[PDB]
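Report on one structure; see the data block that follows.
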Amino acid sequence: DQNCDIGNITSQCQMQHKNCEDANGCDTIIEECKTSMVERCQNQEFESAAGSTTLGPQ
């Protein structure tokens, strides 16, 4: 069933306009591409840490 695919939306932005195609590393442009649709995959993405726990260096 998958836990949703974390790499659904990001992949598109990663190649286009992302120095280093990695989250939680060069995370800036990916951020918006990510949190948008990857909110569902928050479990996997570890969004900051959960969400309200807005830990910068996730």
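Heads up, the Cβs are rebuilt from the backbone with ideal geometry, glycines too, and the neighbour counts pull from every protein chain shown. Readers should treat all values here as calculations from the given coordinates under stated rules, not as data from a laboratory.
Side notes on the structure shown:
- The chain: C-alpha gyration tensor shape, a/c 1.5 cut-off, then a/b vs b/c: oblate
- Neighbour net charge for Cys13 - beta-carbon separation under 11 angstrom, K R +1, D E -1: -1
- Listed residues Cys41, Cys20, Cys33, most fluctuating in the chain (Gaussian network, C-alpha, under 10 Å): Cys20
- Between region 1-18 and region 41-55, the alpha-carbon center distance in angstrom: 16 Å
- Relative to the Cα centre, the charge distribution of the chain, modelled as +1 at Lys and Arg Cβ and -1 at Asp and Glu Cβ, gives a dipole magnitude of about 60 debye.
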